[PDB]
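protein21.pdb follows (PDB, C-alpha atoms):
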MODEL        1
ATOM      1  CA  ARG A   1      13.474  -3.513   1.189
ATOM      2  CA  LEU A   2      14.171  -1.248   4.146
ATOM      3  CA  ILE A   3      17.414  -3.205   4.575
ATOM      4  CA  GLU A   4      18.668  -3.054   0.997
ATOM      5  CA  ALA A   5      17.586   0.562   0.518
ATOM      6  CA  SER A   6      19.586   1.552   3.592
ATOM      7  CA  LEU A   7      22.499  -0.561   2.360
ATOM      8  CA  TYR A   8      22.410   1.288  -0.977
ATOM      9  CA  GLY A   9      20.739   4.488   0.171
ATOM     10  CA  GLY A  10      20.966   8.013  -1.139
ATOM     11  CA  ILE A  11      18.854   9.811  -3.707
ATOM     12  CA  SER A  12      20.694   8.476  -6.786
ATOM     13  CA  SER A  13      19.421   4.925  -6.418
ATOM     14  CA  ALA A  14      16.358   2.852  -7.252
ATOM     15  CA  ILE A  15      15.127   3.748  -3.739
ATOM     16  CA  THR A  16      13.915   7.159  -4.910
ATOM     17  CA  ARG A  17      11.520   5.485  -7.379
ATOM     18  CA  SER A  18      10.633   2.287  -5.514
ATOM     19  CA  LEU A  19       9.459   4.642  -2.757
ATOM     20  CA  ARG A  20       5.934   3.990  -4.004
ATOM     21  CA  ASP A  21       6.568   0.322  -3.196
ATOM     22  CA  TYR A  22       8.432   0.612   0.080
ATOM     23  CA  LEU A  23       6.162   3.230   1.667
ATOM     24  CA  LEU A  24       2.754   2.114   0.467
ATOM     25  CA  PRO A  25       0.441  -0.849   1.114
ATOM     26  CA  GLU A  26      -0.841  -3.179  -1.576
ATOM     27  CA  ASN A  27      -4.607  -2.679  -1.898
ATOM     28  CA  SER A  28      -6.720  -5.800  -2.366
ATOM     29  CA  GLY A  29      -9.859  -3.753  -2.994
ATOM     30  CA  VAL A  30      -8.711  -2.414  -6.352
ATOM     31  CA  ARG A  31      -7.436  -5.868  -7.285
ATOM     32  CA  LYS A  32     -10.879  -7.345  -6.601
ATOM     33  CA  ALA A  33     -12.644  -4.515  -8.430
ATOM     34  CA  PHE A  34     -10.475  -5.100 -11.485
ATOM     35  CA  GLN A  35     -11.273  -8.807 -11.368
ATOM     36  CA  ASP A  36     -14.981  -7.977 -11.242
ATOM     37  CA  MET A  37     -14.588  -5.727 -14.263
ATOM     38  CA  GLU A  38     -12.779  -8.570 -15.972
ATOM     39  CA  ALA A  39     -15.690 -10.908 -15.291
ATOM     40  CA  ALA A  40     -18.161  -8.355 -16.626
ATOM     41  CA  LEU A  41     -16.086  -7.917 -19.777
ATOM     42  CA  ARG A  42     -15.777 -11.676 -20.216
ATOM     43  CA  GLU A  43     -19.540 -12.064 -20.104
ATOM     44  CA  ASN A  44     -19.978  -9.175 -22.516
ATOM     45  CA  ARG A  45     -17.517 -10.756 -24.939
ATOM     46  CA  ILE A  46     -19.214 -14.140 -24.694
ATOM     47  CA  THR A  47     -22.596 -12.597 -25.419
ATOM     48  CA  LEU A  48     -21.250 -10.584 -28.343
ATOM     49  CA  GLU A  49     -19.563 -13.569 -29.945
TER      50      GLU A  49
ATOM     51  CA  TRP B   1       6.273   0.926  11.712
ATOM     52  CA  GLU B   2       6.918   1.736  15.375
ATOM     53  CA  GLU B   3       3.960   4.113  15.636
ATOM     54  CA  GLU B   4       1.817   1.229  14.412
ATOM     55  CA  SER B   5       3.362  -1.592  16.429
ATOM     56  CA  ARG B   6       3.972  -0.003  19.844
ATOM     57  CA  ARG B   7       0.200   0.026  20.208
ATOM     58  CA  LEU B   8       0.229  -3.745  19.567
ATOM     59  CA  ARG B   9       3.139  -4.479  21.942
ATOM     60  CA  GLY B  10       3.934  -4.463  25.621
ATOM     61  CA  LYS B  11       3.641  -0.857  26.726
ATOM     62  CA  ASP B  12       7.178  -0.976  28.191
ATOM     63  CA  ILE B  13       8.731  -2.493  25.039
ATOM     64  CA  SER B  14      10.775  -0.259  22.718
ATOM     65  CA  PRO B  15      11.968  -2.080  19.574
ATOM     66  CA  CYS B  16      15.596  -1.700  18.568
ATOM     67  CA  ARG B  17      16.484   0.583  15.650
ATOM     68  CA  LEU B  18      19.448  -0.300  13.430
ATOM     69  CA  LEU B  19      20.408   0.703   9.875
ATOM     70  CA  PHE B  20      23.240   0.119   7.387
ATOM     71  CA  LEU B  21      25.343   1.748   4.709
ATOM     72  CA  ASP B  22      28.015   0.338   2.400
ATOM     73  CA  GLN B  23      30.774   2.547   0.993
ATOM     74  CA  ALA B  24      30.335   4.938   3.905
ATOM     75  CA  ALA B  25      33.244   6.991   2.511
ATOM     76  CA  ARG B  26      30.683   8.836   0.398
ATOM     77  CA  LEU B  27      30.165  10.614   3.737
ATOM     78  CA  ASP B  28      32.460  13.384   4.976
ATOM     79  CA  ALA B  29      33.097  14.852   8.430
ATOM     80  CA  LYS B  30      30.018  17.098   8.535
ATOM     81  CA  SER B  31      27.916  14.315   7.020
ATOM     82  CA  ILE B  32      29.030  11.975   9.803
ATOM     83  CA  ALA B  33      28.419  14.576  12.497
ATOM     84  CA  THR B  34      24.878  15.435  11.412
ATOM     85  CA  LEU B  35      23.944  11.801  10.836
ATOM     86  CA  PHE B  36      25.118  10.956  14.351
ATOM     87  CA  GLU B  37      23.184  13.957  15.675
ATOM     88  CA  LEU B  38      19.911  12.750  14.204
ATOM     89  CA  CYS B  39      20.703   9.090  14.921
ATOM     90  CA  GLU B  40      21.155   9.815  18.626
ATOM     91  CA  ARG B  41      18.083  12.048  18.621
ATOM     92  CA  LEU B  42      16.229   8.983  17.313
ATOM     93  CA  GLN B  43      18.050   6.493  19.595
ATOM     94  CA  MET B  44      19.040   4.379  16.594
ATOM     95  CA  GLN B  45      22.062   2.252  15.666
ATOM     96  CA  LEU B  46      24.304   2.490  12.603
ATOM     97  CA  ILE B  47      26.341  -0.124  10.773
ATOM     98  CA  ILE B  48      28.096   2.157   8.297
ATOM     99  CA  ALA B  49      31.166   0.814   6.580
TER     100      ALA B  49
ATOM    101  CA  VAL C   1     -43.753 -11.274 -14.038
ATOM    102  CA  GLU C   2     -42.023 -14.623 -13.639
ATOM    103  CA  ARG C   3     -38.882 -13.323 -15.320
ATOM    104  CA  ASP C   4     -38.846 -10.247 -13.101
ATOM    105  CA  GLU C   5     -39.287 -12.376  -9.997
ATOM    106  CA  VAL C   6     -36.350 -14.546 -11.030
ATOM    107  CA  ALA C   7     -34.323 -11.402 -11.696
ATOM    108  CA  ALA C   8     -35.042 -10.162  -8.183
ATOM    109  CA  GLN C   9     -33.965 -13.527  -6.798
ATOM    110  CA  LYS C  10     -30.729 -13.413  -8.776
ATOM    111  CA  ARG C  11     -30.042  -9.855  -7.648
ATOM    112  CA  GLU C  12     -30.434 -10.882  -4.018
ATOM    113  CA  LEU C  13     -28.198 -13.899  -4.563
ATOM    114  CA  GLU C  14     -25.461 -11.828  -6.189
ATOM    115  CA  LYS C  15     -25.594  -9.171  -3.490
ATOM    116  CA  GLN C  16     -25.307 -11.784  -0.767
ATOM    117  CA  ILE C  17     -22.473 -13.605  -2.542
ATOM    118  CA  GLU C  18     -20.684 -10.271  -2.543
ATOM    119  CA  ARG C  19     -21.499  -9.962   1.157
ATOM    120  CA  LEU C  20     -19.631 -13.242   1.677
ATOM    121  CA  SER C  21     -16.855 -12.426  -0.767
ATOM    122  CA  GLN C  22     -13.822 -10.630   0.667
ATOM    123  CA  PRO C  23     -11.408 -10.257   2.338
ATOM    124  CA  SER C  24     -12.217 -11.914   5.621
ATOM    125  CA  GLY C  25     -15.625 -11.741   7.141
ATOM    126  CA  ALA C  26     -18.235  -9.887   5.135
ATOM    127  CA  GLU C  27     -16.461  -7.007   3.403
ATOM    128  CA  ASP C  28     -13.569  -4.570   3.396
ATOM    129  CA  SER C  29     -15.273  -1.499   4.853
ATOM    130  CA  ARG C  30     -15.272   0.558   8.056
ATOM    131  CA  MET C  31     -14.746  -2.680   9.983
ATOM    132  CA  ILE C  32     -11.587  -3.601   8.072
ATOM    133  CA  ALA C  33     -10.770   0.108   8.077
ATOM    134  CA  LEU C  34     -10.467   0.049  11.869
ATOM    135  CA  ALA C  35      -7.620  -2.424  11.402
ATOM    136  CA  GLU C  36      -5.588   0.674  10.460
ATOM    137  CA  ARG C  37      -7.607   3.502  12.013
ATOM    138  CA  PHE C  38      -6.319   1.652  15.054
ATOM    139  CA  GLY C  39      -4.943  -1.846  15.540
ATOM    140  CA  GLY C  40      -8.488  -3.108  15.130
ATOM    141  CA  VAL C  41      -8.078  -6.616  13.758
ATOM    142  CA  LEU C  42     -11.375  -8.246  12.824
ATOM    143  CA  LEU C  43     -12.657 -10.811  15.316
ATOM    144  CA  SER C  44     -13.839 -13.111  12.538
ATOM    145  CA  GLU C  45     -10.407 -12.968  10.921
ATOM    146  CA  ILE C  46      -8.903 -13.558  14.365
ATOM    147  CA  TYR C  47     -10.685 -16.926  14.161
ATOM    148  CA  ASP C  48     -10.306 -17.321  10.407
ATOM    149  CA  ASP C  49      -9.448 -21.041  10.521
ATOM    150  CA  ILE C  50     -12.146 -21.906  13.056
ATOM    151  CA  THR C  51     -13.305 -25.481  12.660
ATOM    152  CA  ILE C  52     -16.741 -25.772  11.104
ATOM    153  CA  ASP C  53     -17.931 -27.487  14.286
ATOM    154  CA  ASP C  54     -16.791 -24.709  16.632
ATOM    155  CA  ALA C  55     -17.806 -22.024  14.130
ATOM    156  CA  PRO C  56     -21.481 -22.273  15.198
ATOM    157  CA  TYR C  57     -20.497 -22.055  18.863
ATOM    158  CA  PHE C  58     -18.066 -19.243  18.092
ATOM    159  CA  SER C  59     -20.796 -17.388  16.227
ATOM    160  CA  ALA C  60     -23.418 -17.873  18.930
ATOM    161  CA  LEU C  61     -21.027 -16.772  21.672
ATOM    162  CA  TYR C  62     -19.721 -13.735  19.814
ATOM    163  CA  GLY C  63     -23.303 -12.731  19.068
ATOM    164  CA  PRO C  64     -23.648  -9.610  16.963
ATOM    165  CA  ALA C  65     -20.082  -8.899  18.093
ATOM    166  CA  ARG C  66     -19.347 -11.883  15.839
ATOM    167  CA  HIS C  67     -18.253  -9.164  13.412
ATOM    168  CA  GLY C  68     -16.597  -7.219  16.222
ATOM    169  CA  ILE C  69     -13.060  -5.864  16.180
ATOM    170  CA  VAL C  70     -10.323  -6.585  18.730
ATOM    171  CA  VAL C  71      -8.425  -3.482  19.849
ATOM    172  CA  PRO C  72      -6.111  -3.774  22.910
ATOM    173  CA  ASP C  73      -7.306  -0.287  23.873
ATOM    174  CA  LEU C  74     -10.772   1.165  23.340
ATOM    175  CA  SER C  75     -10.069   4.234  25.397
ATOM    176  CA  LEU C  76      -7.656   4.821  22.508
ATOM    177  CA  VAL C  77     -10.383   4.695  19.859
ATOM    178  CA  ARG C  78     -12.134   7.503  21.777
ATOM    179  CA  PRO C  79     -10.326  10.396  20.032
ATOM    180  CA  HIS C  80     -11.408   9.173  16.588
ATOM    181  CA  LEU C  81     -14.869   7.976  17.653
ATOM    182  CA  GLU C  82     -16.432  11.320  16.729
ATOM    183  CA  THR C  83     -15.324  10.705  13.134
ATOM    184  CA  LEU C  84     -17.518   7.614  12.738
ATOM    185  CA  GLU C  85     -20.745   8.861  11.245
ATOM    186  CA  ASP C  86     -20.176   6.724   8.127
ATOM    187  CA  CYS C  87     -20.019   3.440  10.022
ATOM    188  CA  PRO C  88     -22.396   0.516  10.455
ATOM    189  CA  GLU C  89     -25.137   1.977  12.598
ATOM    190  CA  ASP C  90     -23.917  -0.035  15.573
ATOM    191  CA  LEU C  91     -20.239  -1.034  15.797
ATOM    192  CA  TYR C  92     -18.392  -3.482  18.101
ATOM    193  CA  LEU C  93     -14.950  -2.848  19.638
ATOM    194  CA  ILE C  94     -13.047  -5.275  21.903
ATOM    195  CA  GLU C  95      -9.969  -5.092  24.145
ATOM    196  CA  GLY C  96      -7.181  -7.626  23.898
ATOM    197  CA  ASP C  97      -4.051  -8.773  22.130
ATOM    198  CA  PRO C  98      -5.292  -9.647  18.619
TER     199      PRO C  98
ENDMDL
END
Any chance you could give the structure as structure tokens?
Amino acid sequence: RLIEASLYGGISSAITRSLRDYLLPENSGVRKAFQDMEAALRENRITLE
Amino acid sequence: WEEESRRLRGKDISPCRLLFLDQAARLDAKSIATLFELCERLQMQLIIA
Amino acid sequence: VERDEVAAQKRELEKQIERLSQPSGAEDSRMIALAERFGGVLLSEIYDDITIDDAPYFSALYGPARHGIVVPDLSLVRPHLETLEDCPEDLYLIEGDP
């Protein structure tokens, strides 16, 4: 991504939006928390049905 | 990336720095001059075409 | 009373399962945080694929530092050390190439 963004740099490019990708880490914590919510909701749905 | 890694590398190791640009003609004389200024200040290499 | 006892058991079980859950070692907390506060890779992760047979020896050797963190420089953690009030009461730090 560093490579291609430099190759096609400047402000008027996808770079200026995909900043949030290229600069930032992917957080596993939120992923796991969402999965836990999903499990809770699944159990709730099962019980309700 | 370097701030992070230099801690995790040989203390006398300085990773190379090299970037790219296609259609470098979007640059003009002053553009070239200032980019070279900052590039040298950052001891970095250009492949601008 | 029996139901409440079983509920307590289940609560303990769930909490401990969490304790074993992610991402490597026990949890993603101050210990995993040091992986970016400095280059503090987790010891247990550093031996993630330990064989089950060496894992007991590894654990016994590493002692409480079992959950310690490898940091080529611990003089370097010194500047930030004063920040760590919210940390496990007693925190291991190790020197070497993770």
Per-axis box centre and lengths in Å around range 85-88 of chain C, 3 Å margin per side, axis-aligned, as lines of an AutoDock Vina configuration file:
center_x = -21.2
center_y = 4.7
center_z = 9.7
size_x = 8.4
size_y = 14.3
size_z = 9.1
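Pairwise distance (CA of residue 79 in chain C, CA of residue 40 in chain C) equals 14.5 Å.
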Chain C contacts to chain B at 9 Å (all atoms listed in the file) as a PyMOL selection string: chain C and resi 36+38-39+71-73+97-98
Since I can't run it myself right now, could you work out what the PyMOL selection byres ((chain C and resi 28) around 12) selects here and report it as a PyMOL selection string? (chain A and resi 27-30+32-33) or (chain C and resi 18-27+29-36+41-42+45+67)
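From CA of residue 35 in chain B back to CA of residue 5 in chain A, the distance works out to 16.5 Å.
Residues selected in this file by the ChimeraX specification (/B :<12) & /A comprise residues 1, 2, 3, 4, 5, 6, 7, 8, 9, 10, 22, 23 and 24 of chain A.
The space between CA of residue 66 in chain C and CA of residue 37 in chain C spans 19.7 Å.
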May I have the residues within 12 Å of range 50-62 of chain C as a PyMOL selection string, using all atoms listed in the file and disregarding those fewer than 6 positions away in the same chain? chain C and resi 25+43-44+68-70+92-94
Can you pull out every residue within 12 Å of residue 16 in chain B, counting only C-alpha atoms, but drop anything in the same chain fewer than 6 positions away, and send it as number ranges by chain? B: 1-2, 6, 42-46
Selection file, C-alpha atoms, as a PDB file, keeping the file's coordinate frame:
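Output saved as selection07.pdb:
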ATOM      1  CA  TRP B   1       6.273   0.926  11.712  1.00  0.00           C
ATOM      2  CA  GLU B   2       6.918   1.736  15.375  1.00  0.00           C
ATOM      3  CA  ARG B   6       3.972  -0.003  19.844  1.00  0.00           C
ATOM      4  CA  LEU B  42      16.229   8.983  17.313  1.00  0.00           C
ATOM      5  CA  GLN B  43      18.050   6.493  19.595  1.00  0.00           C
ATOM      6  CA  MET B  44      19.040   4.379  16.594  1.00  0.00           C
ATOM      7  CA  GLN B  45      22.062   2.252  15.666  1.00  0.00           C
ATOM      8  CA  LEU B  46      24.304   2.490  12.603  1.00  0.00           C
TER       9      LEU B  46
END
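Closest approach to chain C from the set A:43, A:19, A:14, A:25 is made by A:25, with distances taken over all atoms listed in the file.
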